[PDB]
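Participant: File follows, structure.tsv with TSV, C-alpha atoms:
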```tsv
chain	number	residue	atom	x	y	z
A	4	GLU	CA	75.76	87.35	125.52
A	5	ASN	CA	77.04	90.51	127.26
A	6	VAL	CA	77.58	94.20	126.18
A	7	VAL	CA	80.43	96.19	127.87
A	8	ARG	CA	80.41	100.07	127.87
A	9	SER	CA	82.33	100.94	131.09
A	10	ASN	CA	85.59	99.21	132.18
A	11	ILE	CA	86.83	97.74	128.86
A	12	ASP	CA	89.34	94.83	129.33
A	13	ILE	CA	91.97	95.62	126.64
A	14	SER	CA	93.44	92.05	126.94
A	15	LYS	CA	89.96	90.82	125.75
A	16	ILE	CA	89.49	93.11	122.67
A	17	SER	CA	92.94	91.91	121.40
A	18	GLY	CA	93.41	89.59	118.34
A	19	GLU	CA	92.06	89.43	114.76
A	20	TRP	CA	89.22	91.76	113.46
A	21	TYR	CA	87.61	92.90	110.14
A	22	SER	CA	86.30	96.32	108.96
A	23	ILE	CA	82.51	96.05	108.20
A	24	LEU	CA	81.03	99.63	108.20
A	25	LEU	CA	82.34	103.26	107.92
A	26	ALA	CA	80.49	106.63	108.45
A	27	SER	CA	81.56	110.34	108.34
A	28	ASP	CA	79.94	113.85	108.41
A	29	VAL	CA	82.10	114.68	105.28
A	30	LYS	CA	81.52	112.28	102.31
A	31	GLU	CA	84.88	112.91	100.45
A	32	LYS	CA	86.99	111.38	103.31
A	33	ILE	CA	85.24	107.96	103.07
A	34	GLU	CA	85.78	107.71	99.28
A	35	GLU	CA	87.91	105.39	97.08
A	36	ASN	CA	90.76	107.99	97.23
A	37	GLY	CA	90.26	109.07	100.89
A	38	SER	CA	93.15	108.41	103.35
A	39	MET	CA	90.72	107.37	106.18
A	40	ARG	CA	89.46	104.34	104.13
A	41	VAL	CA	91.56	101.77	106.08
A	42	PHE	CA	90.94	98.03	106.75
A	43	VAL	CA	91.87	96.68	110.26
A	44	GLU	CA	93.76	93.36	110.73
A	45	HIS	CA	95.10	93.04	114.33
A	46	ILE	CA	94.94	94.77	117.80
A	47	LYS	CA	97.37	94.06	120.76
A	48	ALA	CA	98.15	95.74	124.14
A	49	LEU	CA	101.80	96.84	124.64
A	50	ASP	CA	101.28	97.80	128.34
A	51	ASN	CA	98.45	99.39	130.46
A	52	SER	CA	98.72	102.67	128.39
A	53	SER	CA	99.47	101.64	124.72
A	54	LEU	CA	97.41	99.83	121.97
A	55	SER	CA	99.05	98.52	118.77
A	56	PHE	CA	97.02	98.49	115.47
A	57	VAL	CA	97.77	96.84	112.00
A	58	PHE	CA	95.77	98.09	108.93
A	59	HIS	CA	95.85	97.83	105.12
A	60	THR	CA	95.23	100.74	102.74
A	61	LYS	CA	95.37	101.32	98.96
A	62	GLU	CA	98.07	103.80	97.69
A	63	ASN	CA	97.90	104.35	93.88
A	64	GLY	CA	95.74	101.16	93.76
A	65	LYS	CA	98.32	98.91	95.61
A	66	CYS	CA	97.53	97.28	99.04
A	67	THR	CA	99.98	98.48	101.81
A	68	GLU	CA	100.39	97.44	105.51
A	69	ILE	CA	100.64	100.10	108.33
A	70	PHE	CA	101.59	99.75	112.07
A	71	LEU	CA	100.48	102.47	114.63
A	72	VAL	CA	100.58	102.85	118.44
A	73	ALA	CA	97.79	104.81	120.25
A	74	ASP	CA	98.31	106.36	123.75
A	75	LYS	CA	95.63	106.16	126.52
A	76	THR	CA	94.40	109.25	128.55
A	77	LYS	CA	91.24	108.33	130.63
A	78	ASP	CA	89.32	104.98	130.49
A	79	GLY	CA	88.42	104.08	126.86
A	80	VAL	CA	89.91	107.32	125.29
A	81	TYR	CA	93.01	107.25	123.02
A	82	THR	CA	95.15	109.64	120.91
A	83	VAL	CA	97.17	108.85	117.73
A	84	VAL	CA	99.06	110.78	114.99
A	85	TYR	CA	98.09	109.85	111.38
A	86	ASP	CA	97.06	112.34	108.62
A	87	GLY	CA	96.74	114.90	111.48
A	88	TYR	CA	95.89	114.51	115.21
A	89	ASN	CA	93.19	111.98	116.20
A	90	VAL	CA	91.17	111.33	119.41
A	91	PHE	CA	88.82	108.31	119.60
A	92	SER	CA	86.90	106.22	122.15
A	93	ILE	CA	85.47	102.67	122.29
A	94	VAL	CA	81.70	103.28	122.72
A	95	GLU	CA	80.60	99.60	123.25
A	96	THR	CA	81.89	96.05	122.45
A	97	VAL	CA	80.99	92.36	122.74
A	98	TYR	CA	84.49	90.84	123.14
A	99	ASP	CA	83.84	87.81	120.83
A	100	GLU	CA	81.52	89.55	118.26
A	101	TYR	CA	81.96	93.37	117.52
A	102	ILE	CA	83.44	96.85	118.50
A	103	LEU	CA	82.06	100.41	117.89
A	104	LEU	CA	84.62	103.32	117.65
A	105	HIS	CA	83.92	107.11	117.50
A	106	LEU	CA	86.85	109.22	116.22
A	107	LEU	CA	87.62	112.96	115.75
A	108	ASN	CA	90.34	114.27	113.30
A	109	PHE	CA	91.97	117.79	113.53
A	110	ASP	CA	94.38	118.67	110.61
A	111	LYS	CA	94.38	122.50	110.15
A	112	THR	CA	90.85	122.79	108.61
A	113	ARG	CA	87.69	122.41	110.76
A	114	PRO	CA	87.46	119.03	112.60
A	115	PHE	CA	85.43	116.03	111.24
A	116	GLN	CA	84.07	112.75	112.75
A	117	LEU	CA	84.48	109.04	111.77
A	118	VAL	CA	82.44	106.08	113.16
A	119	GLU	CA	83.71	102.47	112.56
A	120	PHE	CA	82.19	98.93	113.05
A	121	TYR	CA	84.68	96.01	113.37
A	122	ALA	CA	83.71	92.30	113.71
A	123	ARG	CA	85.34	88.88	114.34
A	124	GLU	CA	83.77	87.47	111.10
A	125	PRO	CA	84.10	89.29	107.70
A	126	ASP	CA	80.28	90.00	107.52
A	127	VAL	CA	77.34	90.34	110.01
A	128	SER	CA	73.50	90.18	110.31
A	129	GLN	CA	71.06	92.92	109.11
A	130	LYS	CA	70.08	93.34	112.84
A	131	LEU	CA	73.62	94.56	113.73
A	132	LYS	CA	73.87	96.80	110.60
A	133	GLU	CA	70.53	98.49	111.61
A	134	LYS	CA	71.93	99.06	115.17
A	135	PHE	CA	75.00	100.92	113.71
A	136	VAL	CA	72.91	103.08	111.29
A	137	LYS	CA	70.64	104.08	114.26
A	138	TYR	CA	73.66	105.23	116.43
A	139	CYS	CA	74.96	107.32	113.45
A	140	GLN	CA	71.52	109.02	112.89
A	141	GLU	CA	71.18	109.81	116.65
A	142	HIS	CA	74.51	111.79	116.35
A	143	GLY	CA	73.65	113.54	112.99
A	144	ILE	CA	75.96	111.40	110.76
A	145	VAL	CA	74.26	110.58	107.39
A	146	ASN	CA	77.10	109.31	105.08
A	147	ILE	CA	77.29	105.52	105.70
A	148	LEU	CA	79.28	102.90	103.72
A	149	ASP	CA	79.14	99.06	103.73
A	150	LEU	CA	82.73	97.85	103.11
A	151	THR	CA	81.58	94.20	102.53
A	152	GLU	CA	80.54	95.34	98.99
A	153	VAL	CA	84.12	96.68	98.23
A	154	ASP	CA	87.85	95.52	98.03
A	155	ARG	CA	89.24	95.39	101.63
A	156	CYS	CA	92.70	93.97	100.72
A	157	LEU	CA	91.65	90.48	102.07
A	158	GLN	CA	94.37	88.64	99.97
A	159	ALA	CA	97.11	90.56	101.89
A	160	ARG	CA	96.20	89.33	105.44
A	161	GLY	CA	97.78	86.69	107.76
```
So that I can check it, write out the structure of this file as structure tokens.

Facilitator:
Amino acid sequence: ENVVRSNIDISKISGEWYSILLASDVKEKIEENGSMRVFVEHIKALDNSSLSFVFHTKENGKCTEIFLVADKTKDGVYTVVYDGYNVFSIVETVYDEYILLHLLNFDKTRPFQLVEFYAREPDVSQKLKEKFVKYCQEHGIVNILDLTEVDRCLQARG
């Protein structure tokens, strides 16, 4: 019944997840053609200082599978290379229900932010959606997308 914000057990966030919500401070990046519209499948620890991710994305309308490794720095803060340099942190999680991620992308333009909600089931309550939208508004993010109303490459999983 229990919300963790501090000393995240990365053996306990591992396994199967789904992408539920997406928000940015730049609307074009979270669009049908944007390269940051990705759908998570699987998370695993490789050691105390590496997380594995598996995603799907659409490239010229065709579903494609990607594998990345992210490197740890302090507790709960990670770096990864993909369409530029990225830094992100796990804000809060319930190990058997949901995860909230806050991410920053560099490129060579000005930086932008992404916030992501993942869940163990492919949809969630209105109560949890309202919680996400509140966190985004408290940090000045206004562009918010429900991915349960859109193709998320579900037929490609397993």

Participant: Mind checking which residues fall within 10 Å of residue A:144, counting all atoms listed in the file, ignoring those fewer than 3 positions away in the same chain, and posting them as a list in words?

Facilitator: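 Contacts, with the query itself left out: residues 26, 27, 28, 29, 116, 117, 118, 136, 137, 138, 139, 140, 141 and 147 of chain A.
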
Participant: Restricting the calculation to all atoms listed in the file, which member of A:108, A:89, A:17, A:76 is positioned closest to residue A:56?

Facilitator: A:17

Participant: By how many Å are atom CA of residue A:81 and atom CA of residue A:109 apart?

Facilitator: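 Atom-to-atom, atom CA of residue A:81 to atom CA of residue A:109, that is 14.2 Å.
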
Participant: Can you work out which one of A:18, A:79, A:119, A:32 has the shortest atom-to-atom distance to residue A:102, counting all atoms listed in the file?

Facilitator: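 With all atoms listed in the file as the atom set, the closest residue is A:119.
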
Participant: Find the distance between atom CA of residue A:146 and atom CA of residue A:94 and write it in Å to one decimal.

Facilitator: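 Separation between atom CA of residue A:146 and atom CA of residue A:94: 19.2 Å.
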
Participant: Considering only C-alpha atoms, return as a list in words whatever protein or nucleic-acid residues lie within 10 Å of residue A:54, sequence-local ones (same chain, fewer than 3 positions apart) excluded.

Facilitator: residues 13, 17, 46, 47, 48, 49, 50, 51, 71, 72, 73, 74, 75, 81 and 83 of chain A

Participant: Using only C-alpha atoms, what does the table of stretch 15-99 of chain A residues within 7 Å of stretch 148-159 of chain A look like, with each row giving the shortest atom pair and its distance in Å to one decimal, sorted by chain and ascending number, as CSV?

Facilitator:
```
residue,atom,partner,partner_atom,distance
A:23,CA,A:150,CA,5.4
A:24,CA,A:149,CA,4.9
A:25,CA,A:148,CA,5.2
A:26,CA,A:148,CA,6.1
A:42,CA,A:155,CA,6.0
A:59,CA,A:156,CA,6.6
A:66,CA,A:156,CA,6.1
```

Participant: Measure the distance from atom CA of residue A:69 to atom CA of residue A:36 in Å and round it to one decimal.

Facilitator: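 The value is 16.8 Å.
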
Participant: From the set A:82, A:95, A:30, A:142, which residue has the shortest atom-to-atom contact distance to residue A:53, counting only C-alpha atoms?

Facilitator: A:82

Participant: Just checking: using all atoms listed in the file, which residue out of A:99, A:133, A:126, A:62 ends up closest to residue A:21?

Facilitator: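 Using all atoms listed in the file, residue A:21 sits closest to A:126.
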
Participant: What lies within 12 Å of residue A:63 using all atoms listed in the file, ignoring chain neighbours under 4 positions off, as a ChimeraX atom specification?

Facilitator: /A:35-38,67

Participant: Using all atoms listed in the file, which of A:131, A:41, A:106, A:97 sits nearest residue A:8?

Facilitator: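 Answer, going by the shortest atom-to-atom distance: A:97.
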
Participant: Generate N, CA, C and O atoms for stretch 11-32 of chain A and emit them as a PDB file, in the frame of the given file.

Facilitator:
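Writing done, so here's part-v4.pdb:
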```
ATOM      1  N   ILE A  11      86.458  98.604 130.009  1.00  0.00           N
ATOM      2  CA  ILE A  11      86.830  97.740 128.860  1.00  0.00           C
ATOM      3  C   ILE A  11      88.142  97.012 129.169  1.00  0.00           C
ATOM      4  O   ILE A  11      89.130  97.725 129.530  1.00  0.00           O
ATOM      5  N   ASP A  12      88.153  95.682 129.086  1.00  0.00           N
ATOM      6  CA  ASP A  12      89.340  94.830 129.330  1.00  0.00           C
ATOM      7  C   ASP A  12      90.179  94.725 128.051  1.00  0.00           C
ATOM      8  O   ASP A  12      89.828  93.922 127.171  1.00  0.00           O
ATOM      9  N   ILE A  13      91.268  95.486 127.955  1.00  0.00           N
ATOM     10  CA  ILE A  13      91.970  95.620 126.640  1.00  0.00           C
ATOM     11  C   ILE A  13      92.708  94.324 126.287  1.00  0.00           C
ATOM     12  O   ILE A  13      93.024  94.144 125.118  1.00  0.00           O
ATOM     13  N   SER A  14      92.906  93.401 127.230  1.00  0.00           N
ATOM     14  CA  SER A  14      93.440  92.050 126.940  1.00  0.00           C
ATOM     15  C   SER A  14      92.391  91.206 126.195  1.00  0.00           C
ATOM     16  O   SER A  14      92.755  90.250 125.541  1.00  0.00           O
ATOM     17  N   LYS A  15      91.109  91.580 126.316  1.00  0.00           N
ATOM     18  CA  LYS A  15      89.960  90.820 125.750  1.00  0.00           C
ATOM     19  C   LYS A  15      89.467  91.378 124.416  1.00  0.00           C
ATOM     20  O   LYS A  15      88.783  90.620 123.715  1.00  0.00           O
ATOM     21  N   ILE A  16      89.780  92.617 124.055  1.00  0.00           N
ATOM     22  CA  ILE A  16      89.490  93.110 122.670  1.00  0.00           C
ATOM     23  C   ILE A  16      90.619  92.715 121.736  1.00  0.00           C
ATOM     24  O   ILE A  16      90.438  92.885 120.522  1.00  0.00           O
ATOM     25  N   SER A  17      91.770  92.250 122.250  1.00  0.00           N
ATOM     26  CA  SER A  17      92.940  91.910 121.400  1.00  0.00           C
ATOM     27  C   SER A  17      92.614  90.795 120.395  1.00  0.00           C
ATOM     28  O   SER A  17      91.530  90.154 120.454  1.00  0.00           O
ATOM     29  N   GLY A  18      93.513  90.609 119.417  1.00  0.00           N
ATOM     30  CA  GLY A  18      93.410  89.590 118.340  1.00  0.00           C
ATOM     31  C   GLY A  18      92.997  90.128 116.983  1.00  0.00           C
ATOM     32  O   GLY A  18      93.170  91.312 116.721  1.00  0.00           O
ATOM     33  N   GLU A  19      92.421  89.231 116.188  1.00  0.00           N
ATOM     34  CA  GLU A  19      92.060  89.430 114.760  1.00  0.00           C
ATOM     35  C   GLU A  19      90.652  90.036 114.635  1.00  0.00           C
ATOM     36  O   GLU A  19      89.748  89.554 115.295  1.00  0.00           O
ATOM     37  N   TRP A  20      90.494  91.044 113.766  1.00  0.00           N
ATOM     38  CA  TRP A  20      89.220  91.760 113.460  1.00  0.00           C
ATOM     39  C   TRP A  20      89.104  92.026 111.979  1.00  0.00           C
ATOM     40  O   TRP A  20      90.113  91.895 111.283  1.00  0.00           O
ATOM     41  N   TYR A  21      87.922  92.458 111.531  1.00  0.00           N
ATOM     42  CA  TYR A  21      87.610  92.900 110.140  1.00  0.00           C
ATOM     43  C   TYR A  21      86.839  94.197 110.164  1.00  0.00           C
ATOM     44  O   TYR A  21      85.992  94.361 111.024  1.00  0.00           O
ATOM     45  N   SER A  22      87.075  95.070 109.184  1.00  0.00           N
ATOM     46  CA  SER A  22      86.300  96.320 108.960  1.00  0.00           C
ATOM     47  C   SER A  22      85.019  96.038 108.167  1.00  0.00           C
ATOM     48  O   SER A  22      85.132  95.584 107.054  1.00  0.00           O
ATOM     49  N   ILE A  23      83.866  96.361 108.750  1.00  0.00           N
ATOM     50  CA  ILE A  23      82.510  96.050 108.200  1.00  0.00           C
ATOM     51  C   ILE A  23      81.845  97.334 107.707  1.00  0.00           C
ATOM     52  O   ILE A  23      81.492  97.384 106.518  1.00  0.00           O
ATOM     53  N   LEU A  24      81.674  98.340 108.579  1.00  0.00           N
ATOM     54  CA  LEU A  24      81.030  99.630 108.200  1.00  0.00           C
ATOM     55  C   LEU A  24      81.906 100.837 108.548  1.00  0.00           C
ATOM     56  O   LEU A  24      82.701 100.761 109.537  1.00  0.00           O
ATOM     57  N   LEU A  25      81.676 101.936 107.816  1.00  0.00           N
ATOM     58  CA  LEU A  25      82.340 103.260 107.920  1.00  0.00           C
ATOM     59  C   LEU A  25      81.321 104.391 107.750  1.00  0.00           C
ATOM     60  O   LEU A  25      80.516 104.328 106.825  1.00  0.00           O
ATOM     61  N   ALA A  26      81.349 105.423 108.603  1.00  0.00           N
ATOM     62  CA  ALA A  26      80.490 106.630 108.450  1.00  0.00           C
ATOM     63  C   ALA A  26      81.252 107.894 108.799  1.00  0.00           C
ATOM     64  O   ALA A  26      82.035 107.896 109.777  1.00  0.00           O
ATOM     65  N   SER A  27      80.985 108.997 108.080  1.00  0.00           N
ATOM     66  CA  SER A  27      81.560 110.340 108.340  1.00  0.00           C
ATOM     67  C   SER A  27      80.523 111.446 108.185  1.00  0.00           C
ATOM     68  O   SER A  27      79.441 111.167 107.582  1.00  0.00           O
ATOM     69  N   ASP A  28      80.786 112.651 108.694  1.00  0.00           N
ATOM     70  CA  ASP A  28      79.940 113.850 108.410  1.00  0.00           C
ATOM     71  C   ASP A  28      80.450 114.632 107.202  1.00  0.00           C
ATOM     72  O   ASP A  28      79.875 115.658 106.904  1.00  0.00           O
ATOM     73  N   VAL A  29      81.502 114.131 106.526  1.00  0.00           N
ATOM     74  CA  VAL A  29      82.100 114.680 105.280  1.00  0.00           C
ATOM     75  C   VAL A  29      82.323 113.509 104.303  1.00  0.00           C
ATOM     76  O   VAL A  29      83.240 112.665 104.572  1.00  0.00           O
ATOM     77  N   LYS A  30      81.594 113.470 103.178  1.00  0.00           N
ATOM     78  CA  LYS A  30      81.520 112.280 102.310  1.00  0.00           C
ATOM     79  C   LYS A  30      82.848 112.014 101.578  1.00  0.00           C
ATOM     80  O   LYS A  30      83.161 110.831 101.404  1.00  0.00           O
ATOM     81  N   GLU A  31      83.639 113.036 101.259  1.00  0.00           N
ATOM     82  CA  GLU A  31      84.880 112.910 100.450  1.00  0.00           C
ATOM     83  C   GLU A  31      85.969 112.092 101.188  1.00  0.00           C
ATOM     84  O   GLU A  31      86.833 111.488 100.522  1.00  0.00           O
ATOM     85  N   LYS A  32      85.915 112.051 102.523  1.00  0.00           N
ATOM     86  CA  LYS A  32      86.990 111.380 103.310  1.00  0.00           C
ATOM     87  C   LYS A  32      86.773 109.867 103.290  1.00  0.00           C
ATOM     88  O   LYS A  32      87.764 109.157 103.471  1.00  0.00           O
TER      89      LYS A  32
END
```
